[PDB]
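**Student:** What follows is a structure written as structure tokens; I'll ask about it next.
We did not get these values from a lab; they are worked out from the coordinates using the rules stated. Here Cβ is always computed from backbone atoms with ideal geometry, including for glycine, and neighbour counts include all displayed protein chains.
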Amino acid sequence: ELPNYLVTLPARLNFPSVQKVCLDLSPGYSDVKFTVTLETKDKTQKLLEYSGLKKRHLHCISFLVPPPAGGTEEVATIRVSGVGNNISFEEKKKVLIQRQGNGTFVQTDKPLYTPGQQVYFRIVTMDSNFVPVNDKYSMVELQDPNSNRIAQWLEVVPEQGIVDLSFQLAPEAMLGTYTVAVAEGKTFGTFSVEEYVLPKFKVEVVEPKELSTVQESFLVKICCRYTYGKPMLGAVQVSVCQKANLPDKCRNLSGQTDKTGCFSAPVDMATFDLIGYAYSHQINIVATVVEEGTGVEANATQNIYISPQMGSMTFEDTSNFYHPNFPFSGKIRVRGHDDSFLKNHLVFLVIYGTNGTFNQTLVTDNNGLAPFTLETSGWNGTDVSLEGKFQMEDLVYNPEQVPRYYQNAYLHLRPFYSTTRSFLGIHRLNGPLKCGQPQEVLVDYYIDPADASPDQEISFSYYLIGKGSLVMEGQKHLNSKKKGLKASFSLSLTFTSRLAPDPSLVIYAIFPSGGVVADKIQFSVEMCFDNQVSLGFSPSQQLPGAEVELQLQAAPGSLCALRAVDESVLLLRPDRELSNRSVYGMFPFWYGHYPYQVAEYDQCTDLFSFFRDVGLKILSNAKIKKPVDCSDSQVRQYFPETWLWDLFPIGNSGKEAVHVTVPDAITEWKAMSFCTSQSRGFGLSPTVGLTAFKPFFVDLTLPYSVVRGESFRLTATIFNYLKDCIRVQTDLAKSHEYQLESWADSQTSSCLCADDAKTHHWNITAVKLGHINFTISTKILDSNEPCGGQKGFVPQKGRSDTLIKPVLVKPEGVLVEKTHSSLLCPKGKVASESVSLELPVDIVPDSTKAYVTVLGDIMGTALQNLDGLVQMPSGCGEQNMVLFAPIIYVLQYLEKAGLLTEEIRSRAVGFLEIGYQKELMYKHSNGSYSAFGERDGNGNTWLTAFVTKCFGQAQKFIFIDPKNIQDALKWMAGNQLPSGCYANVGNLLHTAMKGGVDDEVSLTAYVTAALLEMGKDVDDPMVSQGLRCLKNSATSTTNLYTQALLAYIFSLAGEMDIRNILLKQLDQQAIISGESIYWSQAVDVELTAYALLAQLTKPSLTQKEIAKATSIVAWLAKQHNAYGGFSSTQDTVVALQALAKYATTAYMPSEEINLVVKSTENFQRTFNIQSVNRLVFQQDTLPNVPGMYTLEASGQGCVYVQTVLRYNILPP
């Protein structure tokens, strides 16, 4: 009898967690002493210290993880040693300790906001074991669509791992996709802001789910459903279309819905491409429903792939491996073409192997499961292949017609390592298992009584492993004294949130000959949270304005964050999802085997592959490893946007019930919640709904913006959902803020029967500016006369309705935007400038809107993109030169703008040090620099000028050799000729690189501009040699690009004789866009960089040119694709060069600026711009009648202040 040990532990170790190690003991020993200890570079801790017993003992302990030595990565050594009585077993393996990603998300109360409203958001950080961490937040920033950090929160703490923040938008807040970025990382939450109106109906496809070629005609059922669940009536236009790989094959249906509310029509596919491979097999259905009377329309899209498979069957519950000389079992799940499941269907099973191909026929049951149990006695331990088909024949794969093929299932089986003649198998537990409930597994066995021997009571060791960690352990002893036969037993397993969506389970057994019989299966648990959260409403369908009981159920001691939103704002845009797919989605990287830093294998199906397939480190001395192969009335004023945004504390009962008032809307409020306990973990409720509904009410169709002075149509649609015919009476209220031209001058009494909508129309002229209220009241008139064909009934509740709707009113005419700029940049003295706000007097009253905006630092976005540009290095191709070009310009801009942190500068110059050797061996021996390999080809003159530009501006950082400069000087000593330029010779023919046009005088400008940034200047003869080809060529100018490069070459030449003529066609041809002006004609950013770099050469500059250049740096600053994207080979380098010379000339970053604005009627405002809120783009409206304004600034730094006068003019 040979005793043996086993040691198991996880392979990937996480610091904020406690992990499990286990040691398995044979009978015998008991005079030796087995330890397993984790050791590392600075300590060695004790995990298990144990002496053996007379049985198989599985000792399991929980241990805390050491911190990583590098901060996020460690290869620690796990050591097993058995000492005592002159024998010393010793074995070392390796494990990985790493800090896992704390998964961070941000949710908002809505994805879509009007101007003048307040955005609320919640911010959650997560651990991988689903307990939220109270980690410190550095900075939370809220950025513009024009990428200005308009809000910033510094040093904010989460209570119970979550933090709720708020931000107020301007009444004149501009429209686009605002961003909430978190902790300088990957956590982005985008919310859109635009001018909208709330729809009251959604439109959806009902009957076409999936389309196949088997049928001949199908049905479309477009159903328009209101947001409170009632059906509606309107005009439907349906357009079905096919995409061309060219006239689009399309069919248009039209009609009107019914009392059910769904409109149906049959569609035949004689129109669509069902013949062969001509168009795309992807039908697009677009439905447009116009509501009657009001005329508001809704769209509905549906993209349906034309399925060419009649059926598909898979191996859902089948193992990868078979035990030899023992029966095999499996399930086959046979699915149809459109979510249908084949019952009692024929299954053609065929098995391939070294013995040959054998035949099997099968029939399923009325569920769709297909069970097969077979014998592997004749397989003699060889790799076999399972194959399953539908029938004996097959449909013909026509290469010219539409193919109708099947999905024949294939599986490859490899035998278990047959070191024993015993059997151990697990019957599976189908698909999705419910979390929290205890499940039962049935596991069968057969011990052969000739190798294992009868006298030893055998023990089966069961491991339940989830997310690469030993979750639940055990060992069960069964007597084998009876010379036992094939029997079975059961195990109890509970699946929690610590268990995976796909956890595994291994039962092994060790015999006294060293043989192991073992089996590993995988499960399917639904994506669980350990905190069961139930969000409920009582009575879940209430009239609006009354209270409901909101019940939150979670763990005791929880913080429950609740969000209740309207369905209509979800009908504009779909919000960011928060479900079990989303929370589990941002985590996992454990998917499969060991990590690649730590997996050591020997190479030219066993227990080692069983533990490797779950990612569990394991070591022993037994034969557990296969040897290695070489292979009544109610007033309605209300908030339509977010009902509930309150956090709630949960007491010791685990349930909290509150009374909340439903807002005065006829809609569905979708509510959801997520809770946090530190003990149990994170929870998440399913999204529930509260239908706020009244039987008889009023809805208004009105735009949210009405321009003043002229008429617009207001539609009042009255809805009846009762069971009687009622004589309604509508009354539009009268106020001085609007007027009407007597469209039946209100007081309108009219009959309307059940489930009906009646619209009244008015043409209203807006008189007063701003947010004005439209007020309407409806009453049920008494039964004087039997209207509607029957005697009218009068209800008792909800007889009267009154709706008040606000509407923004804007002044009439076109908007003149008169802008003025200033750069108040002092150096330790007060600096006083002034602006003038003047207007031509033809204006409408109350239209003058003016605001003054101060910004500290011009670059207000992508600050971390400059520091993140230094990553992902390479050593081959032309990608390395482009990816390592702009790091020099980025670090030049960092050291000229007070942001050169020495650690990232040292890392970037180390990267450029190891990239300078990988760019130095691209030199041609003729004197130029090569592109693809050494001595491969003579490149263009632009490539030589660019490599001497990126080499000659790196000697302030890194040792660059000077000999290639002299070789390049001898190289273009023959390139330029006085009797004609453009010798050219060679060209860059590279993937997705073109550069510019690169004609004669442009390449002359590159070779006479890029060659002087080694500290060189004028008195050179080579600028005069290039100048001789430009003495006559300056007259032609070759469009705006080459007049910009000729402006660049005479801008640094220092002469004025043929400079100023073409300067009267450069600056005034700029594309003026507010305070962010630029030039146009990839292309536009290159021309703006060339123009800005052309102005910033001469030393004779003043305040107005500096403020104009500040506007150019502002437009180049508010871009994410200019820097951080190296797609264009002369955009990022030239733009950062222009930013570097702008930092060279006058501008310095704002350290501390006290600024104050003053007017003439005793109004002053003081702004404080420190070093931590210099990125904040902060404004202030001006309440004065517009005129003279004075500004002054003091301290250290520069601030850019721009003022805007936006008013409206009536048009002559």
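**Student:** So which of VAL1176, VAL1134 ends up being under 21 Å from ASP867 (Cβ atoms), surrounded by 15 or more Cβ atoms within 10 Å (Cβ to Cβ) and in contact with a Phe, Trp or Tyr (Cβ under 7 Å, 6 or more places away or on another chain)?
**Tutor:** On the way: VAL1176 fails: in contact with a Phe, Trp or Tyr (Cβ under 7 Å, 6 or more places away or on another chain).
The match here is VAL1134.
Okay, residues lined up against (1) of a type in the set (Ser, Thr, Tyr); (2) over 33 Å from the mean Cα position of the chain (by Cα); (3) closer than 18 Å to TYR1200 by Cα; (4) surrounded by fewer than 17 Cβ atoms within 10 Å (Cβ to Cβ):
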| residue | (1), (2), (3), (4) |
| --- | --- |
| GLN1065 | no, yes, no, yes |
| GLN1068 | no, yes, no, yes |
| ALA1089 | no, no, no, no |
| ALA1094 | no, yes, no, no |
| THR1097 | yes, yes, no, yes |
| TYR1123 | yes, no, no, no |
| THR1145 | yes, yes, yes, yes |
| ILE1153 | no, yes, yes, no |
| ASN1168 | no, yes, yes, yes |
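**Student:** While we're looking at this one, here's another question. Strands (runs of 3 or more DSSP E) wholly in the stretch 251-324 with at least 3 residues that are under 30 Å from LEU702 (Cβ atoms) - which ones? Even if it seems obvious, please write down each step before you answer.
**Tutor:** Details: elements: 262-268, 282-291, 297-307, 312-317.
Qualifying strands (runs of 3 or more DSSP E): 282-291, 297-307.
**Student:** I want to confirm something. Restricting to the stretch 322-372 and keeping residues that are basic (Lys, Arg) and surrounded by 15 or more Cβ atoms within 10 Å (Cβ to Cβ), which single residue is nearest to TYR446 (Cα to Cα)?
**Tutor:** Filtering first and then ranking leaves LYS331.
**Student:** Tell me, which helices (runs of 4 or more DSSP H) lie completely within the stretch 555-655 with 2 or more residues that are surrounded by 15 or more Cβ atoms within 10 Å (Cβ to Cβ) and within 24 Å of the chain's Cα centre (by Cα)?
**Tutor:** Details: elements: 567-572, 580-585, 607-612.
Of the helices (runs of 4 or more DSSP H) lying wholly inside the stretch 555-655, those with at least 2 residues that are surrounded by 15 or more Cβ atoms within 10 Å (Cβ to Cβ) and within 24 Å of the chain's Cα centre (by Cα) span 567-572, 580-585.
**Student:** Please pick out the residue among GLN955, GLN976 that is among the polar types (S, T, N, Q), closer than 17 Å to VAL890 by Cα and part of a loop (DSSP other than H, G, I, E, B).
**Tutor:** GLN955
**Student:** How about the stretch 1152-1167: which of its residues are under 14 Å from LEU824 (Cβ atoms) and either of a type in the set (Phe, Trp, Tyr) or in contact with a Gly (Cβ under 6 Å, 6 or more places away or on another chain) (or both)?
**Tutor:** Hits for the stretch 1152-1167 are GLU1152, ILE1153, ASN1154, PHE1167.
**Student:** Sticking with this structure for a sec: Restricting the search to the stretch 387-404, which residues are under 22 Å from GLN360 (Cβ atoms) and either surrounded by fewer than 11 Cβ atoms within 10 Å (Cβ to Cβ) or touching a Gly at 6+ places or on another chain (Cβ under 8 Å) (or both)?
**Tutor:** If the condition is that a residue be under 22 Å from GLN360 (Cβ atoms) and either surrounded by fewer than 11 Cβ atoms within 10 Å (Cβ to Cβ) or touching a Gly at 6+ places or on another chain (Cβ under 8 Å) (or both), then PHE390, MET392, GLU393 are the ones that fit.
**Student:** Within the stretch 667-685, is even one residue surrounded by fewer than 17 Cβ atoms within 10 Å (Cβ to Cβ) and within 30 Å of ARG581 (Cα to Cα)? Working first, answer last.
**Tutor:** Taking the stretch 667-685 and keeping what is surrounded by fewer than 17 Cβ atoms within 10 Å (Cβ to Cβ), we get 678-679.
Restricting the remaining residues to those that are within 30 Å of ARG581 (Cα to Cα) gives 678-679.
Yes, that holds for at least one residue.
**Student:** Continuing with this model, one more query. Could you list, in sequence order, all residues of the stretch 405-432 that are farther than 30 Å from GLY484 by Cβ, surrounded by fewer than 18 Cβ atoms within 10 Å (Cβ to Cβ) and in contact with a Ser or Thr (Cβ under 8 Å, 6 or more places away or on another chain)?
**Tutor:** Result: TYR406, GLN407, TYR410, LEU411, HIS412, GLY431, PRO432.
**Student:** Of all residues in the stretch 439-479, which are among the hydroxyl-bearing types (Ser, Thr, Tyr) and either exposed (fewer than 15 other Cβ atoms within 10 Å of the Cβ) or within 19 Å of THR419 (Cα to Cα) (or both)?
**Tutor:** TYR445, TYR446, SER453, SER459, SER461
**Student:** While we're looking at this one, here's another question. For the stretch 1000-1021: of the residues being among the hydrophobic types (A, V, I, L, M, F, W, C) and in a helix (DSSP H, G or I), which is surrounded by the fewest Cβ atoms within 10 Å (Cβ to Cβ)?
**Tutor:** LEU1012
**Student:** Taking the stretch 865-878 on its own, how many of its residues are buried (at least 16 other Cβ atoms within 10 Å of the Cβ), assigned to a helix (DSSP H, G or I) and not aliphatic (A, V, I, L, M)? Steps first, please.
**Tutor:** Filtering the stretch 865-878 down to residues buried (at least 16 other Cβ atoms within 10 Å of the Cβ) leaves 866-867, 869-870, 878.
Those still in the list that are assigned to a helix (DSSP H, G or I) too: 866-867, 869-870.
From what is left, the residues that are not aliphatic (A, V, I, L, M) are 867.
Going through the stretch 865-878 one residue at a time, the tally reaches 1.
**Student:** Follow-up question, since we're still on this one. Considering only residues that are closer than 30 Å to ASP629 by Cβ and aromatic (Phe, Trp, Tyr), look in the stretch 353-394 and name the one that is nearest to the chain's Cα centre (by Cα).
**Tutor:** The extreme case among them is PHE372.
**Student:** Here's a check for you: in the stretch 831-848, which residue that is surrounded by fewer than 12 Cβ atoms within 10 Å (Cβ to Cβ) and not charged (D, E, K, R) is nearest to the chain's Cα centre (by Cα)?
**Tutor:** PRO845
**Student:** Determine which member of the set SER17, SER30, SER26 is among the small types (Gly, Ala, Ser), surrounded by 14 or more Cβ atoms within 10 Å (Cβ to Cβ) and within 26 Å of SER513 (Cβ to Cβ).
**Tutor:** None of the others qualify; the one that does is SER26.
**Student:** From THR1129, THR1110, which residue is assigned to a loop (DSSP other than H, G, I, E, B), in contact with a strand residue (DSSP E or B) (Cβ under 6 Å, 6 or more places away or on another chain) and either under 21 Å from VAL1085 (Cα atoms) or not charged (D, E, K, R) (or both)?
**Tutor:** Values: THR1110 fails: assigned to a loop (DSSP other than H, G, I, E, B).
So the residue among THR1129, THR1110 that is assigned to a loop (DSSP other than H, G, I, E, B), in contact with a strand residue (DSSP E or B) (Cβ under 6 Å, 6 or more places away or on another chain) and either under 21 Å from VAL1085 (Cα atoms) or not charged (D, E, K, R) (or both) is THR1129.
**Student:** Name the strands (runs of 3 or more DSSP E) wholly inside the stretch 126-229 in which the number of residues that are among the β-branched types (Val, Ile, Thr) is 3 or more.
**Tutor:** Result: 176-182, 187-193.
**Student:** In the stretch 11-96, which strands (runs of 3 or more DSSP E) lie fully inside it and hold 1 or more residues that are small (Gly, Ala, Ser) and touching a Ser or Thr at 6+ places or on another chain (Cβ under 9 Å)?
**Tutor:** 74-83
**Student:** When you scan the stretch 717-794 for strands (runs of 3 or more DSSP E) that lie fully inside it, which ones turn up with 2 or more residues that are within 26 Å of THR114 (Cβ to Cβ)? It would help to see each step written out before you state the result.
**Tutor:** Numbers: elements: 726-732, 738-740, 748-752, 756-766, 770-780.
Those strands (runs of 3 or more DSSP E) span 738-740, 756-766, 770-780.
**Student:** Further, regarding this structure: Of the residues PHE416, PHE495, only one is under 25 Å from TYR591 (Cα atoms), of a type outside the set (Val, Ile, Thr) and touching a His at 6+ places or on another chain (Cβ under 7 Å); which?
**Tutor:** Going through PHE416, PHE495 in turn, just one is under 25 Å from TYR591 (Cα atoms), of a type outside the set (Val, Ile, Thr) and touching a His at 6+ places or on another chain (Cβ under 7 Å): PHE416.
**Student:** Taking the stated definitions as given, is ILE1209 surrounded by 15 or more Cβ atoms within 10 Å (Cβ to Cβ), of a type in the set (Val, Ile, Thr), closer than 20 Å to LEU815 by Cα and out of contact with any helix residue (DSSP H, G or I) (no Cβ under 9 Å at 6 or more places or on another chain)? Lay out the reasoning, then the answer.
**Tutor:** Working: surrounded by 15 or more Cβ atoms within 10 Å (Cβ to Cβ): yes; of a type in the set (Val, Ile, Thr): yes; closer than 20 Å to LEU815 by Cα: yes; out of contact with any helix residue (DSSP H, G or I) (no Cβ under 9 Å at 6 or more places or on another chain): yes.
So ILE1209 fits the description; yes.
**Student:** Further question: Being outside any loop (DSSP other than H, G, I, E, B) and either among the aliphatic types (A, V, I, L, M) or surrounded by fewer than 18 Cβ atoms within 10 Å (Cβ to Cβ) (or both) is the filter here; which residues of the stretch 106-122 pass it?
**Tutor:** Correct list: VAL106, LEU112, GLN118, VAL119, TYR120.
**Student:** Looking at (1) within 30 Å of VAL583 (Cα to Cα); (2) surrounded by 16 or more Cβ atoms within 10 Å (Cβ to Cβ), which one does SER62 not meet, given that it meets all the others?
**Tutor:** (2)
**Student:** Within the stretch 895-903, does at least one residue satisfy the condition of being closer than 24 Å to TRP942 by Cα and of a type in the set (D, E, K, R)? Break it down stepwise before answering.
**Tutor:** Initial filter on the stretch 895-903 (closer than 24 Å to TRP942 by Cα): none.
No, there is no match, as no residue in the stretch 895-903 is closer than 24 Å to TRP942 by Cα and of a type in the set (D, E, K, R).
**Student:** Same structure again: Which one is farthest from the chain's Cα centre (by Cα), of the residues in the stretch 485-495 that are surrounded by fewer than 18 Cβ atoms within 10 Å (Cβ to Cβ) and assigned to a loop (DSSP other than H, G, I, E, B)?
**Tutor:** Result: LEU485.
**Student:** Okay, next question. Condition check: within 22 Å of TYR228 (Cβ to Cβ) and either basic (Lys, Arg) or surrounded by fewer than 21 Cβ atoms within 10 Å (Cβ to Cβ) (or both). Does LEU690 satisfy that? Break it down into steps so the answer makes sense when it comes.
**Tutor:** Values: within 22 Å of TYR228 (Cβ to Cβ): yes; either basic (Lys, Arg) or surrounded by fewer than 21 Cβ atoms within 10 Å (Cβ to Cβ) (or both): no.
For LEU690, the condition - within 22 Å of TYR228 (Cβ to Cβ) and either basic (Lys, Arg) or surrounded by fewer than 21 Cβ atoms within 10 Å (Cβ to Cβ) (or both) - is not met.
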